[PDB]
Amino acid sequence: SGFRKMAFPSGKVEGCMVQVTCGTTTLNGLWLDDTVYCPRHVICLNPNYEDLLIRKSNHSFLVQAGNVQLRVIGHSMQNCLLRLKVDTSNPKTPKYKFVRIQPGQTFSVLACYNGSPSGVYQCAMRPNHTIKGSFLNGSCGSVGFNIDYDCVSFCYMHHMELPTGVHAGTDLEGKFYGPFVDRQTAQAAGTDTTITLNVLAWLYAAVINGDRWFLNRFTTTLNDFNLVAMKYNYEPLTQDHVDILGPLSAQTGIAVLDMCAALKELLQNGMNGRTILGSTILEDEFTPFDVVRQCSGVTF
Amino acid sequence: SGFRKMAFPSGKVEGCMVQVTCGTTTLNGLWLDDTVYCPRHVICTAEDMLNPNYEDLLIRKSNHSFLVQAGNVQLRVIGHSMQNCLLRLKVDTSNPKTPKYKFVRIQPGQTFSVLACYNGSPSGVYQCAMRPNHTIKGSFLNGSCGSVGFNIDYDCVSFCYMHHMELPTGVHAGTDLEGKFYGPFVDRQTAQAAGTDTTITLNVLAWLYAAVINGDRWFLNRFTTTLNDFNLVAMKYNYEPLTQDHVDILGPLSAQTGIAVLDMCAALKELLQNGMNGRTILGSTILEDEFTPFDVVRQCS
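Per the PDB record, the structure was determined using X-ray crystallography to 2.1 Å resolution.

Going by the annotation in the PDB entry, the name recorded for chain B is 3C-like proteinase, with SARS coronavirus given as the source organism. Within the Protein Data Bank, this record goes by the title "complex structure of SARS-CoV 3C-like protease with JMF1586".

Under the annotation held in the PDB entry, chain A carries the name 3C-like proteinase and is attributed to SARS coronavirus.

*Asks:* Would you mind going over the overall build of chain B with me for this structure?
*Replies:* Across its full length, chain B carries 8 helices and 13 strands. Projecting the C-alpha coordinates of chain B onto the three principal axes gives extents of approximately 70 × 40 × 30 Å. A total of 301 residues make up chain B; the buried ones form 56% of that total. Relative to all contacts within chain B whose residues are 6 or more apart in sequence, the contacts with residues 24 or more apart total 65%. Split by element, the accessible area of chain B, about 13000 Å² in all, is 49% carbon and sulfur. Separation between the mean location of the 23 positive side-chain charges and that of the 26 negative ones in chain B comes to 2 Å.

*Asks:* Just to check I follow, could you spell out the pairing of strand β4 (residues 67–70) of chain B for this structure?
*Replies:* Moving residue by residue along a regular strand, the side chains alternate between the two faces of the sheet. Residues and elements named next belong to chain B. In terms of strand pairing, strand β1 (residues 17–22) meets β4 through 3 bridges, oriented antiparallel. By the bridge assignment, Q19 is partnered in β4 with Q69. Here β4 pairs with strand β5 (residues 73–75) via 3 bridges, running antiparallel. Pairing of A70 across the sheet is with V73, part of β5.

*Asks:* Explanation requested: helix α7 (residues 256–269) of chain A in the structure shown.
*Replies:* Because each turn of an α-helix spans 3.6 residues, side chains separated by three or four positions in sequence point in the same direction. All names here are of chain A. Look at α7: 20 Å from first C-alpha to last across 14 residues, which is about the 20 Å you get at 1.5 Å a residue. When α7 is considered as a whole, its buried residues turn out to be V256, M259, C260, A261, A262, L263, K264, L266 and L267. Buried positions along α7 lie against α3 (196–208), α4 (222–229), α5 (239–244) and α6 (246–252). Two residues or fewer past α7, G270 is found with a positive phi of approximately 95°.

*Asks:* What is the right way to look at the pattern of salt bridges in this model?
*Replies:* Any two side chains of opposite charge can pair if their charged atoms end up close together. One pass over the full model with this rule turns up 22 salt bridges over all chains. The salt bridge involving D289 of chain B is made with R131 of chain B; its shortest N-O contact spans 2.7 Å. Taken together, the positions of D289 of chain B in the loop between α7 (261–274) and α8 (293–299) and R131 of chain B in the loop between β10 (121–129) and β11 (148–153) put the pair 158 residues apart, joining distant regions of the chain. According to the relative accessible area criterion, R131 of chain B is buried, its value standing at 5%. Overlapping salt bridges bring together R4 of chain A together with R131, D197, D289 and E290 of chain B as one network.

*Asks:* Would you explain the nonpolar core in this entry?
*Replies:* As a rule of thumb, soluble globular proteins bury nonpolar side chains together. Core analysis: the largest hydrophobic core is formed by 38 residues, its most contacted members being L30, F145 and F154 of chain A together with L30 and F159 of chain B. Within the residue set of this core, elements represented by two or more residues are β2 (25–32), β9 (106–113), β11 (143–148) and β12 (151–161) of chain A together with β2 (25–32), β9 (111–118), β11 and β12 (156–166) of chain B.

*Asks:* Honestly, the pairing of strand β10 (residues 116–124) of chain A in this entry has me stumped. Any pointers?
*Replies:* Residue and element names in this part refer to chain A. Taken together, the 8 bridges between β9 and β10 define a ladder with antiparallel strand orientation. Directly across from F107, in β10, lies its bridge partner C123. Two successive antiparallel strands, β9 and β10, enclose a turn made up of 2 residues, where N114 displays a positive phi of approximately 60°.

*Asks:* Help me out: how do you make sense of the packing of aromatic side chains in this one?
*Replies:* Two descriptors summarise a pair of aromatic rings, namely the distance from one centre to the other and the angle between the planes of the rings. Residue and element names in this part refer to chain B. This model, assessed by the stated rule, comprises 18 aromatic pairs over all chains. With centroids separated by 5.3 Å and ring planes inclined at 90°, the aromatic side chains of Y37 and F103 adopt a geometry described as edge-to-face. With a gap of 66 residues between them, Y37 in strand β3 (residues 35–39) and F103 in strand β8 (residues 100–103) connect regions that are remote in the sequence. Given a relative accessible area of 6%, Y37 falls into the buried group.

*Asks:* How should I be thinking about the domain arrangement of chain A in this particular structure?
*Replies:* As a measure of interface size, the accessible area lost when the parts come together is often cited. The domain architecture assigned to chain A consists of domain 1 (1–14 + 95–192), domain 2 (15–94) and domain 3 (193–296). Averaged C-alpha coordinates put domain 2 of chain A and domain 3 of chain A at centres separated by 44 Å.

Calculation criteria
- Residues numbered from 1 in each chain as written, not as in the entry; some residues may be left out.
- Chains lettered and ligands numbered in written order.
- Heavy atoms only, no water.
- Helix = DSSP H or I, 4+ residues; strand = E, 2+ residues; numbered from the N terminus.
- Buried < 20%, exposed > 50% of the residue type's maximum accessible area, 1.4 Å probe, protein only.
- Contact = heavy atoms within 4.5 Å.
- Areas by Shrake-Rupley, 256 points an atom, 1.4 Å probe, with all protein chains shown as cover.
- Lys, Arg positive; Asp, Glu negative; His and termini not counted.
- Charge placed at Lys NZ, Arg CZ, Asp CG, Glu CD.
- Pairing = 2+ DSSP bridges.
- Expected span 1.5 Å × (residues − 1).
- Salt bridge = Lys/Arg side-chain N within 4 Å of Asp/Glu carboxyl O.
- Core = buried A, V, L, I, M, F, W, Y, C linked by side-chain atoms within 4.5 Å.
- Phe/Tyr/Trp six-rings, centres within 6.5 Å; stacked < 30°, edge-to-face > 60°.
- Domains from an automatic or database assignment.

Below you can see the structure in the form of structure tokens.
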């Protein structure tokens, strides 16, 4: 049946995307009820946003939804975000919540340009607080989300590209992930590591799909595992991660440290020209929950 | 910057998914205007599949035999008929979320977005390619039949695939929206097997170009080759023969990066002969072939 890196259906987020233009600057905004969220830098090297906000009046902002202009009747700022009040509550607003995700967690990104959705892909918040996305100029304001039941949890809004070509942004409260700031400076991505917890979740998915050649009859202590894995640039695995893997461990009857012994053997010796879920490399962008959802057939 | 396997936004298709039930069998249906499309095997039981005769099976069914549901709300079917391996059910009400659309039969090597559904509801969206052997490496569990594959140009949706089954090796087969199977497969239980799978050369070349557009250019070399000499090597590694037409499709991408197509074929040739020596391209340690030149241009440009 295969295992696929997949994204959550994006319709519910597509219905909230609008084009926000302030002068020469056009980008995307997220329209929920009667508020439009967009990156603070639409009101434009080290600018005092707070100040440039004065020169601005509601009629300065042009918010477009489909072939219709949304009249702005209020403006404010919350951290690095802009909150525009419009005179029309979005009829497509889905049930939603704003969430701040932690390193290693994944989400779907709806790439947009001119308030119009262009594509959706799956990605992960990297250990160094960036995301390896795919954005072109004009994508600022695009958002990342997860879907739980029928509630849309927005966890990311796109702000900029770092010199190595990776991306940085904020939660929907306007607070950046990582020490990044929306301004020009010489900020760069810190060294990145492999998300061990996610590699382990993926090996469980393989076993669940019948790809179990790499299993062995040994085990290891947590520390011995970390001592080998860090040498390959893997994030240290903690007791809390081990706990997050409990449901998968129980479903397969394979203890986490027993899976860690298989992983350790995979790192030191390799795959011997073999494959796991058709892959020649250990995938690190599927979380324990992504595995449960895809292996089970969760719908929305 | 950045390059990702991406799908088209699924919202226009989501609003067309419904549930179709017959007896104990339930699968997905596509609701456009006043018609619901779904795999015809929703009508025959388990047994039947041993070689059911659908004409015989269909004529024994009535409009009320079909339980179509949009949400938990039932749609009354007032008509039905068969078209190749699909059922077309006429419902007494029209779908207001129906987007502008058309039915397209794609060629092997082309890509499309799949909206995996169960019980008529959206589970996930992913991007794939119709393989040279006409199967797709999808991610589907029992109950996903009827989910569709599509592309979007502007606001127009091009439906090109409807899922029907899984083959012995675990890959998938299906049909276009006229019910015509892609490949030598049949909706019946049998010893069927996927044909010989080859690597989509045109796409691997588009991908090396997307790698170049985003830095990564270690695999490049000072050599060039002839179309003919390229094929002699590539065809030795299970790669599809590259035609002059393919070379032409890569033109814009060639002009954009300033690397001639045959020069890029030279680079690939070298790659196939020497492996990547533990290196990676766009983060991959294998040459990826599920990105058409069109896909790369749209995303990189």
